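Peer 1: Quick one: structure below, then a few questions.
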Amino acid sequence: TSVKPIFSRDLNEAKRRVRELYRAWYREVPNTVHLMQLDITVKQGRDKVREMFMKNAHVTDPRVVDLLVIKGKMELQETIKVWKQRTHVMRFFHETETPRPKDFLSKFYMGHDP
Amino acid sequence: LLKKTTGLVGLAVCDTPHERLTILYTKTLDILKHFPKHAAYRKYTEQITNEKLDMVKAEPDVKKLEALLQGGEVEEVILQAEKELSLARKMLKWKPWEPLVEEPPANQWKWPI
Amino acid sequence: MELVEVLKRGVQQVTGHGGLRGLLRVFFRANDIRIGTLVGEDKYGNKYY
Amino acid sequence: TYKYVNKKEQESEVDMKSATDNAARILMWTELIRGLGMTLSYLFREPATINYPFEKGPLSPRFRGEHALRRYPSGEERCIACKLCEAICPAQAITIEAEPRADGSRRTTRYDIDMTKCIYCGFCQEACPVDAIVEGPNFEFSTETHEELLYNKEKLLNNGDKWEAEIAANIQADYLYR
Amino acid sequence: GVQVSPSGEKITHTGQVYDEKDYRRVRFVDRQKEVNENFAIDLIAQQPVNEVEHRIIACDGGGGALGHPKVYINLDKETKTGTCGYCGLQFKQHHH
Amino acid sequence: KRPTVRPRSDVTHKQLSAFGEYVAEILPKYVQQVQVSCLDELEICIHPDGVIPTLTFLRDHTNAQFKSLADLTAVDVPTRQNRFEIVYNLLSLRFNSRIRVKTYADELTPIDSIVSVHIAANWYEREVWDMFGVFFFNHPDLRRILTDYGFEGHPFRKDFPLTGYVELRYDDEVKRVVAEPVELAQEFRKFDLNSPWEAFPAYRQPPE
Amino acid sequence: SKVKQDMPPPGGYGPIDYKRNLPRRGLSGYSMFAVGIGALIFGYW
Amino acid sequence: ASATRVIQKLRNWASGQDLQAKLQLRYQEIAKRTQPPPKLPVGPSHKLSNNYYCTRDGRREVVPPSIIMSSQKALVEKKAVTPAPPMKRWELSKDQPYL
Amino acid sequence: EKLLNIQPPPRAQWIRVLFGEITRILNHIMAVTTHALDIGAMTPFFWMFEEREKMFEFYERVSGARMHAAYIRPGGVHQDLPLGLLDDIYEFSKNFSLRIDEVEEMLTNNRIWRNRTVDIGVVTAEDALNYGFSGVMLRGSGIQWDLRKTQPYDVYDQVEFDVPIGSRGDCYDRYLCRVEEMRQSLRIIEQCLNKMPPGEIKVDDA
Ligand code: SF4
Ligand code: SF4
Ligand SMILES: [Zn+2]
């Protein structure tokens, strides 16, 4: 049950790195919306960033948190230097994809998938 | 005479190849004396350096020296000698003569599964 | 000389496609006025030279 | 062994005649003039352009073109639904379904080749034990919709009936090598 | 032989035809459903039965290496011809 | 003698065995296994901590001179604890030889990058990270190199599906190229192409 | 029958040139400089 | 090949090469498109005796690699060696050493 | 084949070496002429692509595909050569060095090409070794290394050829190396045509 750390000895400085990454994303969102001609507002982009962080918010392993921070920094660099395009940025919103309903009756009416 | 070019890009001609090889080999031996006596790297590197120093003291001609050394050009031999010296410094820092750091898992190198 | 021989080959290529109408037909369809040995003709009307 | 492509051996020293030759080479653009002369020679050569579609580039009997399903001289289909072509198809471009026929013969009920998926490699025609599936030499079968390149058994049998006069001759010319 | 549906659509040699209420005939609307006219079952029915003398015959489909793998058909049943499993040719033993 | 069997020379096997003993006794701190294949190829399996010393020694030793890294790759064997086997093929032009150095990793233990030893390891380790998710310490710029921007998952892993999870198409409502969950008009038909009979008795594993 | 195969002729193939072959053409530098200078002098006169 | 002698001399002078000896257009020197049928030879294993497959099974002579040392199996004045003897220097070409 | 511990027959090995050298001529034609096209001259591209069309005819005559032959397989090659193919390969190769001489006349001594290629992208030998370069890059930087000479395969130890070595490590030296090894590939093609042996095509192991 004793493992080798990546960057963080425990969860506290891992959360510090998470807060730093969230700060960088929060600062970079308005520049992205201004630079790439995005239909979205600045509020929607920061909401999406918060949604992604809260999607990953359930993890408690410092190594997994460090790797998530590394991946987030890679995506942040891909957004800072314009390598992600408008399509790549708007892929986070899934606006063309209809969502599967979460209720048993709708899943029963649609098909056999649980 | 003097070699016009070494035939390799970026490898300048050494005017005095014998004394440069001599000082590189002596510095390598001097830093090899700081290794532990049971270090296999120390023993093997001392063997190699002593053989090359013996032939560089024996042969005064550059072409026959290259033929004896069998390391390409004498400038390549000088470059290999200084890389060996830097490796000796790094290996003294690393200390790899110690026992194995950690055993692998039982089926780590078992192929096929 | 050989220039007059080239001109002879040219005038026979011009007057070797039947008439003026045949020359114009082959020149505006195939963009080519070379004379070849008629190897055959298929049932659909294609000529092969 | 090895050789030098740009290393010069010794020196040519300096001479008044050699200096004047190099001066004339620099000033009068001699290598540029001979490059012009090379292009002029190519201008006065004969072009290598064929008159397509009235002239076609040469091919061989081994040429792998549009797929076809052949028959025996009796008219029975050669295919026996063995799915060796489907098994060896590297792109999984062949779909085969089969059942016994009304006379008990082992025949396909579905033979589809996705020509948009096929890589035109001939593995099907070299894995077929009865020479049923072949790549006949047709290559001018480009379509205007994606659907028309999704061949089924009717299309492949029609191709085999259309190109049998040429496919049989190519197999006759080729089969001793394979 | 090629037969037509009550819808008028040609029935393939596999017996496939769309139903009257099947919407997938719209792919043939203003186009054609191409059906191979030469039915191999009828064509192999048209072949005469080969009358041979031996009890066991060998078939390779003709042409040697251009045919099918060479198999052996046992013509012992006098009430039924022996059919080659590859090419569909029928053989019968001549007992006269 | 036999026209269908590869000729075998024992001198290369002897030389590679001697050099494997040489490297193993020079570096006992990191070397875990040394083997020579019947194809006359030398493999040295080391601890992940000794990647930098082992690669540096092989590049800069007078008797090794493996100055050229042929390639760097990973093999996903998802039945061991450390599923990613990192493989370094190296070429010595001085001695006209080739060596293979292996180490191991899992999804959460990064290994040291050898960009300071070979510069080709930059793009090679970028490819390894992009395709397997093996992080590399002290890399100058580690990021994806072959996948699409924003691609989620490492596709050369065994558990990653062949077709992936998303597919792209042009949507005219949004006038963009958009990603959808993958749907195939024809599913990839997997085949069970494994004979139920043992082919090679020399590789018969003992029963459990 | 006899084994028939794609083989070279029994006398071997002919020699195939592969070396770099530049024509080494053109007139001397003295002659062309003399022609140019003479053209200059005639034009000036 | 249908070029007049004037154009041939002009092309040869302009290129500096004798173009007519080596034409880049194929006229008649090529092989005929129809060939006599071949008869390919058989391999060395096409014999009716002394041809057991176990005596020529090269695929089953592969053995697992030999472990020179192991951390678990072995559980562990000589000269230093090299992976191979040093590569001999290439000789300069006697055909055309310089361009 | 190394994993299978089987060897292809000698005729298959000679065919593989011959087509490897034909392919080397194709690839170096593409490299040199498209490099010259990127610099600005396209007439060598057109001439050498007519030559590429003839070599594609050779590919189609042996395999049925002009590019993706799938001809060389583990155990040898897929089929034997059709009759007359060796004669047509000889007829192509006896005229090809003139075409190389044509491109070399067009480009090599041209001062524009020398300005575009000389002292451009200079790579030292140690840097090339550390960056992991191979083939034309190492030999352009001056490293005497070729796998066909050092670790030979098939019958490359039986053929004889020279290895072009640069001395300045630039675009001009790499271009000269590619042209000279095109000439050496032609030399190996001549040797393969003269020394093609009889025998089978695949390994006699079903
Ligand atoms: S040619 Fe190859 S890819 Fe195409 S159908 Fe045949 S086996 Fe499949
Ligand atoms: S390999 Fe031939 S006989 Fe077998 S299913 Fe395919 S086409 Fe039919
Ligand atoms: Zn039959």
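In the structure tokens, the first chain shown is A, the next is B, and so on; residue numbers restart at 1 for each chain, and ligands run from 1 in the order shown.
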Once you count only C-alpha atoms, which residues of chain H turn out to be within 12 Å of chain C? Could you give them as a PDB file with N, CA and C atoms, in the first residue's frame?

Peer 2:
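Contents of part-v3.pdb, as written:
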ATOM      1  N   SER H   2      11.744   8.994 -85.121  1.00  0.00           N
ATOM      2  CA  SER H   2      11.268   9.502 -86.399  1.00  0.00           C
ATOM      3  C   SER H   2      11.816  10.891 -86.668  1.00  0.00           C
ATOM      4  N   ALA H   3      12.737  11.333 -85.818  1.00  0.00           N
ATOM      5  CA  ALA H   3      13.318  12.658 -85.968  1.00  0.00           C
ATOM      6  C   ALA H   3      14.240  12.709 -87.177  1.00  0.00           C
ATOM      7  N   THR H   4      14.228  13.844 -87.870  1.00  0.00           N
ATOM      8  CA  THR H   4      15.118  14.043 -89.001  1.00  0.00           C
ATOM      9  C   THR H   4      16.554  14.196 -88.520  1.00  0.00           C
ATOM     10  N   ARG H   5      17.494  14.056 -89.457  1.00  0.00           N
ATOM     11  CA  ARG H   5      18.906  14.127 -89.100  1.00  0.00           C
ATOM     12  C   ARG H   5      19.304  15.520 -88.637  1.00  0.00           C
ATOM     13  N   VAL H   6      18.662  16.558 -89.174  1.00  0.00           N
ATOM     14  CA  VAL H   6      18.936  17.924 -88.739  1.00  0.00           C
ATOM     15  C   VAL H   6      18.543  18.107 -87.279  1.00  0.00           C
ATOM     16  N   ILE H   7      17.343  17.650 -86.920  1.00  0.00           N
ATOM     17  CA  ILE H   7      16.877  17.769 -85.545  1.00  0.00           C
ATOM     18  C   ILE H   7      17.696  16.872 -84.623  1.00  0.00           C
TER      19      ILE H   7
END

Peer 1: Let me have all residues with an atom within 8 Å of ligand 2, counting only C-alpha atoms and all ligand atoms, laid out as an MDAnalysis selection string.

Peer 2: chainID D and resid 69 78:86 96 108 124:125 127:133

Peer 1: What does the file look like for those residues with N, CA, C and O atoms, as a short mmCIF file (atom, residue, chain, number, x, y, z; two decimals), in the first residue's frame?

Peer 2:
data_model
loop_
_atom_site.label_atom_id
_atom_site.label_comp_id
_atom_site.auth_asym_id
_atom_site.auth_seq_id
_atom_site.Cartn_x
_atom_site.Cartn_y
_atom_site.Cartn_z
N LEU D 69 -17.02 -12.37 -60.47
CA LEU D 69 -17.28 -13.76 -60.11
C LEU D 69 -17.46 -14.57 -61.39
O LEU D 69 -18.32 -14.24 -62.21
N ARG D 78 -18.77 -20.66 -60.08
CA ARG D 78 -17.60 -21.32 -59.53
C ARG D 78 -17.58 -21.26 -58.01
O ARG D 78 -17.03 -22.16 -57.37
N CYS D 79 -18.18 -20.23 -57.42
CA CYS D 79 -18.08 -20.04 -55.98
C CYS D 79 -18.86 -21.10 -55.23
O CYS D 79 -19.99 -21.44 -55.57
N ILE D 80 -18.24 -21.61 -54.18
CA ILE D 80 -18.79 -22.67 -53.35
C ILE D 80 -18.92 -22.22 -51.90
O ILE D 80 -18.97 -23.04 -51.01
N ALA D 81 -18.92 -20.90 -51.68
CA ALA D 81 -19.24 -20.30 -50.39
C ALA D 81 -18.29 -20.75 -49.29
O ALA D 81 -18.70 -20.99 -48.15
N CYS D 82 -17.02 -20.88 -49.62
CA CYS D 82 -16.07 -21.41 -48.66
C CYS D 82 -15.47 -20.35 -47.76
O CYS D 82 -14.81 -20.70 -46.78
N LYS D 83 -15.66 -19.07 -48.10
CA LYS D 83 -15.28 -17.92 -47.28
C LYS D 83 -13.77 -17.81 -47.06
O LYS D 83 -13.33 -17.17 -46.11
N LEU D 84 -12.97 -18.42 -47.94
CA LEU D 84 -11.53 -18.21 -47.87
C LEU D 84 -11.16 -16.79 -48.26
O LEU D 84 -10.25 -16.20 -47.65
N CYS D 85 -11.83 -16.23 -49.26
CA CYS D 85 -11.60 -14.85 -49.64
C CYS D 85 -11.99 -13.90 -48.51
O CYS D 85 -11.28 -12.93 -48.23
N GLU D 86 -13.11 -14.19 -47.84
CA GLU D 86 -13.53 -13.39 -46.70
C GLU D 86 -12.55 -13.51 -45.55
O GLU D 86 -12.30 -12.53 -44.84
N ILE D 96 -20.02 -12.53 -46.78
CA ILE D 96 -20.54 -13.74 -47.41
C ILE D 96 -21.59 -14.36 -46.51
O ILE D 96 -21.33 -14.59 -45.32
N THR D 108 -23.59 -19.29 -52.41
CA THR D 108 -23.78 -18.07 -51.64
C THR D 108 -25.17 -17.49 -51.86
O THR D 108 -25.72 -17.56 -52.96
N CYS D 124 -7.91 -12.33 -52.34
CA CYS D 124 -9.10 -13.14 -52.57
C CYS D 124 -8.93 -14.04 -53.78
O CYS D 124 -9.25 -15.23 -53.73
N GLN D 125 -8.40 -13.50 -54.88
CA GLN D 125 -8.25 -14.30 -56.08
C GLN D 125 -7.12 -15.30 -55.98
O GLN D 125 -7.11 -16.28 -56.72
N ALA D 127 -6.48 -16.78 -52.95
CA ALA D 127 -6.96 -17.72 -51.96
C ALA D 127 -8.15 -18.53 -52.44
O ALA D 127 -8.49 -19.53 -51.80
N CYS D 128 -8.80 -18.12 -53.51
CA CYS D 128 -9.94 -18.86 -54.03
C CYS D 128 -9.47 -20.19 -54.60
O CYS D 128 -8.62 -20.20 -55.49
N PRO D 129 -9.99 -21.32 -54.12
CA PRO D 129 -9.52 -22.61 -54.62
C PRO D 129 -10.13 -23.03 -55.94
O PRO D 129 -9.73 -24.05 -56.49
N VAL D 130 -11.09 -22.27 -56.46
CA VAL D 130 -11.83 -22.69 -57.64
C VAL D 130 -11.84 -21.57 -58.67
O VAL D 130 -12.58 -21.64 -59.66
N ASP D 131 -11.01 -20.54 -58.45
CA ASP D 131 -10.89 -19.38 -59.33
C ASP D 131 -12.24 -18.68 -59.54
O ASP D 131 -12.58 -18.27 -60.65
N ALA D 132 -13.01 -18.55 -58.47
CA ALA D 132 -14.31 -17.91 -58.59
C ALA D 132 -14.18 -16.39 -58.58
O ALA D 132 -14.61 -15.72 -59.52
N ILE D 133 -13.61 -15.84 -57.53
CA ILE D 133 -13.40 -14.40 -57.43
C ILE D 133 -12.09 -14.05 -58.13
O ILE D 133 -11.07 -14.71 -57.92
#

Peer 1: Taking only C-alpha atoms into account and nothing else, which residues of chain D lie no more than 10 Å away from chain I? Please answer as a ChimeraX atom specification.

Peer 2: /D:1-8,26,29-39,42,48-49,57-65,119-123,126,135,137,174,176-178

Peer 1: Enumerate as a PyMOL selection string all residues of chain F assigned to strand (DSSP E) by DSSP on the backbone, naming them with the chain letters and numbers the document uses.

Peer 2: chain F and resi 31-36+42-46+68-76+84-92+97-105+111-112+136-137+166-171+176-181

Peer 1: Those residues you just picked out, can you put them in a file as an mmCIF file, in the first residue's frame with C-alpha atoms?

Peer 2:
data_model
loop_
_atom_site.group_PDB
_atom_site.id
_atom_site.type_symbol
_atom_site.label_atom_id
_atom_site.label_comp_id
_atom_site.auth_asym_id
_atom_site.auth_seq_id
_atom_site.Cartn_x
_atom_site.Cartn_y
_atom_site.Cartn_z
ATOM 1 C CA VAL F 31 20.473 -5.165 -14.325
ATOM 2 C CA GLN F 32 17.772 -7.714 -13.505
ATOM 3 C CA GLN F 33 18.113 -10.146 -16.415
ATOM 4 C CA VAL F 34 20.384 -10.738 -19.407
ATOM 5 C CA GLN F 35 19.340 -12.987 -22.276
ATOM 6 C CA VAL F 36 20.525 -13.793 -25.790
ATOM 7 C CA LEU F 42 21.090 -9.348 -26.771
ATOM 8 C CA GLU F 43 18.443 -8.126 -24.320
ATOM 9 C CA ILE F 44 19.209 -6.563 -20.941
ATOM 10 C CA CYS F 45 16.253 -6.115 -18.596
ATOM 11 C CA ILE F 46 16.919 -3.431 -15.990
ATOM 12 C CA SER F 68 22.868 5.554 -31.970
ATOM 13 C CA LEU F 69 19.445 4.840 -30.495
ATOM 14 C CA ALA F 70 17.642 2.784 -33.127
ATOM 15 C CA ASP F 71 14.213 3.254 -31.568
ATOM 16 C CA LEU F 72 12.228 3.537 -28.348
ATOM 17 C CA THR F 73 8.854 1.850 -27.970
ATOM 18 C CA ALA F 74 6.454 0.236 -25.519
ATOM 19 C CA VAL F 75 4.613 -3.082 -25.373
ATOM 20 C CA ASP F 76 1.321 -3.311 -23.485
ATOM 21 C CA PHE F 84 4.102 -1.339 -20.159
ATOM 22 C CA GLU F 85 7.434 -2.834 -21.208
ATOM 23 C CA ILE F 86 9.659 -0.021 -22.479
ATOM 24 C CA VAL F 87 12.128 -1.186 -25.132
ATOM 25 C CA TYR F 88 15.248 0.657 -26.329
ATOM 26 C CA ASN F 89 16.963 -0.698 -29.428
ATOM 27 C CA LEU F 90 20.467 0.750 -29.732
ATOM 28 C CA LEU F 91 23.104 0.562 -32.462
ATOM 29 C CA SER F 92 26.890 0.618 -32.036
ATOM 30 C CA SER F 97 26.374 -4.373 -32.990
ATOM 31 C CA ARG F 98 22.825 -3.935 -31.744
ATOM 32 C CA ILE F 99 21.521 -4.212 -28.199
ATOM 33 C CA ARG F 100 18.084 -4.109 -26.598
ATOM 34 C CA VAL F 101 17.383 -2.650 -23.157
ATOM 35 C CA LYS F 102 14.060 -3.350 -21.473
ATOM 36 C CA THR F 103 12.385 -1.862 -18.427
ATOM 37 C CA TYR F 104 8.879 -1.798 -16.989
ATOM 38 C CA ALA F 105 6.221 0.691 -15.945
ATOM 39 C CA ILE F 111 10.292 6.652 -15.803
ATOM 40 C CA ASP F 112 13.176 9.002 -16.499
ATOM 41 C CA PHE F 136 8.433 10.632 -18.687
ATOM 42 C CA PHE F 137 10.255 12.677 -16.059
ATOM 43 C CA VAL F 166 -15.657 8.855 -31.175
ATOM 44 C CA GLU F 167 -15.882 9.545 -34.893
ATOM 45 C CA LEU F 168 -15.853 12.817 -36.799
ATOM 46 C CA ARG F 169 -18.409 14.130 -39.260
ATOM 47 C CA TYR F 170 -19.310 17.489 -40.747
ATOM 48 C CA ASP F 171 -22.457 18.898 -39.158
ATOM 49 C CA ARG F 176 -18.249 22.378 -38.093
ATOM 50 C CA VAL F 177 -16.468 19.053 -37.882
ATOM 51 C CA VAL F 178 -17.934 17.443 -34.779
ATOM 52 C CA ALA F 179 -17.269 14.329 -32.726
ATOM 53 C CA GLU F 180 -19.995 11.755 -32.110
ATOM 54 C CA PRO F 181 -20.074 8.416 -30.299
#

Peer 1: Based on only C-alpha atoms, which of the residues in chain F come within 10 Å of chain D? I want them as a PyMOL selection string.

Peer 2: chain F and resi 186+188-191+193

Peer 1: Residues within 9 Å of ligand 3 (only C-alpha atoms and all ligand atoms), as a ChimeraX atom specification?

Peer 2: /E:58-62,67-72,83-90

Peer 1: I'd like a table as CSV: residues in chain G with an atom no more than 12 Å from chain I, each row giving the shortest atom pair and its distance in Å to one decimal, only C-alpha atoms counted, sorted by chain and rising residue number.

Peer 2:
residue,atom,partner,partner_atom,distance
G:3,CA,I:198,CA,9.4
G:4,CA,I:83,CA,8.8
G:5,CA,I:83,CA,6.8
G:6,CA,I:83,CA,4.8
G:7,CA,I:196,CA,6.8
G:8,CA,I:194,CA,6.3
G:9,CA,I:194,CA,8.5
G:10,CA,I:194,CA,9.4
G:11,CA,I:194,CA,9.3
G:12,CA,I:194,CA,5.8
G:13,CA,I:194,CA,6.1
G:14,CA,I:94,CA,8.4
G:15,CA,I:94,CA,7.7
G:16,CA,I:94,CA,4.8
G:17,CA,I:97,CA,6.4
G:18,CA,I:183,CA,5.2
G:19,CA,I:183,CA,6.7
G:20,CA,I:101,CA,6.1
G:21,CA,I:101,CA,6.1
G:22,CA,I:101,CA,6.8
G:23,CA,I:105,CA,9.3
G:24,CA,I:105,CA,10.7
G:25,CA,I:105,CA,11.8

Peer 1: For the residues in the current selection, export N, CA, C and O atoms as a PDB file, in the first residue's frame.

Peer 2:
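Generated output (result_11.pdb):
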ATOM      1  N   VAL G   3      12.451 -27.093 -68.135  1.00  0.00           N
ATOM      2  CA  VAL G   3      12.120 -25.992 -67.240  1.00  0.00           C
ATOM      3  C   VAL G   3      12.338 -24.677 -67.974  1.00  0.00           C
ATOM      4  O   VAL G   3      13.452 -24.367 -68.409  1.00  0.00           O
ATOM      5  N   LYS G   4      11.271 -23.900 -68.120  1.00  0.00           N
ATOM      6  CA  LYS G   4      11.330 -22.589 -68.747  1.00  0.00           C
ATOM      7  C   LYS G   4      11.127 -21.529 -67.677  1.00  0.00           C
ATOM      8  O   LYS G   4      10.166 -21.595 -66.906  1.00  0.00           O
ATOM      9  N   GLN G   5      12.029 -20.557 -67.635  1.00  0.00           N
ATOM     10  CA  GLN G   5      12.051 -19.580 -66.560  1.00  0.00           C
ATOM     11  C   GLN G   5      12.607 -18.278 -67.109  1.00  0.00           C
ATOM     12  O   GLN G   5      13.294 -18.262 -68.133  1.00  0.00           O
ATOM     13  N   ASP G   6      12.300 -17.181 -66.427  1.00  0.00           N
ATOM     14  CA  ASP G   6      12.852 -15.893 -66.827  1.00  0.00           C
ATOM     15  C   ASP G   6      14.302 -15.822 -66.378  1.00  0.00           C
ATOM     16  O   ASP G   6      14.586 -15.673 -65.186  1.00  0.00           O
ATOM     17  N   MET G   7      15.218 -15.937 -67.326  1.00  0.00           N
ATOM     18  CA  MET G   7      16.645 -16.030 -67.070  1.00  0.00           C
ATOM     19  C   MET G   7      17.385 -15.082 -67.995  1.00  0.00           C
ATOM     20  O   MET G   7      16.866 -14.701 -69.051  1.00  0.00           O
ATOM     21  N   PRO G   8      18.592 -14.662 -67.623  1.00  0.00           N
ATOM     22  CA  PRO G   8      19.426 -13.889 -68.543  1.00  0.00           C
ATOM     23  C   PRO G   8      19.875 -14.740 -69.718  1.00  0.00           C
ATOM     24  O   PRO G   8      19.801 -15.977 -69.658  1.00  0.00           O
ATOM     25  N   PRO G   9      20.315 -14.120 -70.812  1.00  0.00           N
ATOM     26  CA  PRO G   9      20.877 -14.895 -71.911  1.00  0.00           C
ATOM     27  C   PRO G   9      22.156 -15.586 -71.482  1.00  0.00           C
ATOM     28  O   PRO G   9      22.839 -15.135 -70.543  1.00  0.00           O
ATOM     29  N   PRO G  10      22.500 -16.713 -72.117  1.00  0.00           N
ATOM     30  CA  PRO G  10      23.710 -17.451 -71.711  1.00  0.00           C
ATOM     31  C   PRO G  10      24.998 -16.661 -71.868  1.00  0.00           C
ATOM     32  O   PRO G  10      25.939 -16.868 -71.092  1.00  0.00           O
ATOM     33  N   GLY G  11      25.065 -15.754 -72.833  1.00  0.00           N
ATOM     34  CA  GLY G  11      26.223 -14.902 -72.966  1.00  0.00           C
ATOM     35  C   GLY G  11      26.249 -13.717 -72.033  1.00  0.00           C
ATOM     36  O   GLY G  11      27.180 -12.909 -72.095  1.00  0.00           O
ATOM     37  N   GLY G  12      25.242 -13.581 -71.174  1.00  0.00           N
ATOM     38  CA  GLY G  12      25.159 -12.466 -70.258  1.00  0.00           C
ATOM     39  C   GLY G  12      24.606 -11.225 -70.926  1.00  0.00           C
ATOM     40  O   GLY G  12      24.530 -11.110 -72.150  1.00  0.00           O
ATOM     41  N   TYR G  13      24.200 -10.272 -70.096  1.00  0.00           N
ATOM     42  CA  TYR G  13      23.752  -9.003 -70.634  1.00  0.00           C
ATOM     43  C   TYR G  13      24.946  -8.117 -70.960  1.00  0.00           C
ATOM     44  O   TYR G  13      26.062  -8.325 -70.478  1.00  0.00           O
ATOM     45  N   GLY G  14      24.697  -7.115 -71.795  1.00  0.00           N
ATOM     46  CA  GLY G  14      25.723  -6.186 -72.193  1.00  0.00           C
ATOM     47  C   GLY G  14      26.111  -5.259 -71.062  1.00  0.00           C
ATOM     48  O   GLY G  14      25.451  -5.205 -70.020  1.00  0.00           O
ATOM     49  N   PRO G  15      27.211  -4.528 -71.236  1.00  0.00           N
ATOM     50  CA  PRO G  15      27.647  -3.591 -70.192  1.00  0.00           C
ATOM     51  C   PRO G  15      26.672  -2.434 -70.044  1.00  0.00           C
ATOM     52  O   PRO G  15      26.215  -1.854 -71.032  1.00  0.00           O
ATOM     53  N   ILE G  16      26.357  -2.103 -68.797  1.00  0.00           N
ATOM     54  CA  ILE G  16      25.461  -1.004 -68.462  1.00  0.00           C
ATOM     55  C   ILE G  16      26.301   0.116 -67.871  1.00  0.00           C
ATOM     56  O   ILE G  16      26.945  -0.066 -66.832  1.00  0.00           O
ATOM     57  N   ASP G  17      26.302   1.268 -68.535  1.00  0.00           N
ATOM     58  CA  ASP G  17      27.013   2.425 -68.016  1.00  0.00           C
ATOM     59  C   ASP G  17      26.334   2.931 -66.754  1.00  0.00           C
ATOM     60  O   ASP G  17      25.108   2.915 -66.644  1.00  0.00           O
ATOM     61  N   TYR G  18      27.141   3.344 -65.781  1.00  0.00           N
ATOM     62  CA  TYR G  18      26.598   3.957 -64.578  1.00  0.00           C
ATOM     63  C   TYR G  18      27.352   5.190 -64.118  1.00  0.00           C
ATOM     64  O   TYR G  18      26.831   5.910 -63.264  1.00  0.00           O
ATOM     65  N   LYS G  19      28.542   5.465 -64.639  1.00  0.00           N
ATOM     66  CA  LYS G  19      29.337   6.580 -64.156  1.00  0.00           C
ATOM     67  C   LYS G  19      28.732   7.910 -64.590  1.00  0.00           C
ATOM     68  O   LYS G  19      27.959   7.993 -65.547  1.00  0.00           O
ATOM     69  N   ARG G  20      29.098   8.959 -63.863  1.00  0.00           N
ATOM     70  CA  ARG G  20      28.746  10.311 -64.267  1.00  0.00           C
ATOM     71  C   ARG G  20      29.494  10.673 -65.541  1.00  0.00           C
ATOM     72  O   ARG G  20      30.720  10.546 -65.607  1.00  0.00           O
ATOM     73  N   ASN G  21      28.759  11.118 -66.558  1.00  0.00           N
ATOM     74  CA  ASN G  21      29.333  11.381 -67.877  1.00  0.00           C
ATOM     75  C   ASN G  21      28.912  12.769 -68.349  1.00  0.00           C
ATOM     76  O   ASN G  21      27.897  12.919 -69.032  1.00  0.00           O
ATOM     77  N   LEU G  22      29.696  13.777 -67.988  1.00  0.00           N
ATOM     78  CA  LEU G  22      29.456  15.114 -68.518  1.00  0.00           C
ATOM     79  C   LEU G  22      30.296  15.332 -69.776  1.00  0.00           C
ATOM     80  O   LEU G  22      31.438  14.871 -69.841  1.00  0.00           O
ATOM     81  N   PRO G  23      29.745  16.021 -70.782  1.00  0.00           N
ATOM     82  CA  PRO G  23      30.411  16.069 -72.097  1.00  0.00           C
ATOM     83  C   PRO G  23      31.758  16.775 -72.111  1.00  0.00           C
ATOM     84  O   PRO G  23      32.572  16.470 -72.992  1.00  0.00           O
ATOM     85  N   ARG G  24      32.014  17.690 -71.169  1.00  0.00           N
ATOM     86  CA  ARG G  24      33.225  18.516 -71.114  1.00  0.00           C
ATOM     87  C   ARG G  24      33.407  19.297 -72.422  1.00  0.00           C
ATOM     88  O   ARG G  24      34.346  19.094 -73.193  1.00  0.00           O
ATOM     89  N   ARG G  25      32.450  20.184 -72.658  1.00  0.00           N
ATOM     90  CA  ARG G  25      32.323  20.924 -73.901  1.00  0.00           C
ATOM     91  C   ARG G  25      32.694  22.388 -73.693  1.00  0.00           C
ATOM     92  O   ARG G  25      33.189  22.784 -72.634  1.00  0.00           O
TER      93      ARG G  25
END

Peer 1: How far is it from CA of residue 48 (chain C) to CA of residue 168 (chain D), in Å with one decimal?

Peer 2: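 A separation of 22.0 Å between them.
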
Peer 1: In terms of the shortest atom-to-atom distance over only C-alpha atoms, which of D:50, D:102, D:27, D:43 is closest to chain E?

Peer 2: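 Of the candidates, the smallest distance to chain E is held by D:102.
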
Peer 1: Excluding same-chain residues fewer than 6 positions from region 17-22 of chain C, what lies within 10 Å of it counting only C-alpha atoms, as a list in words?

Peer 2: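 The residues satisfying every condition are residues 28, 33, 34 and 35 of chain C.
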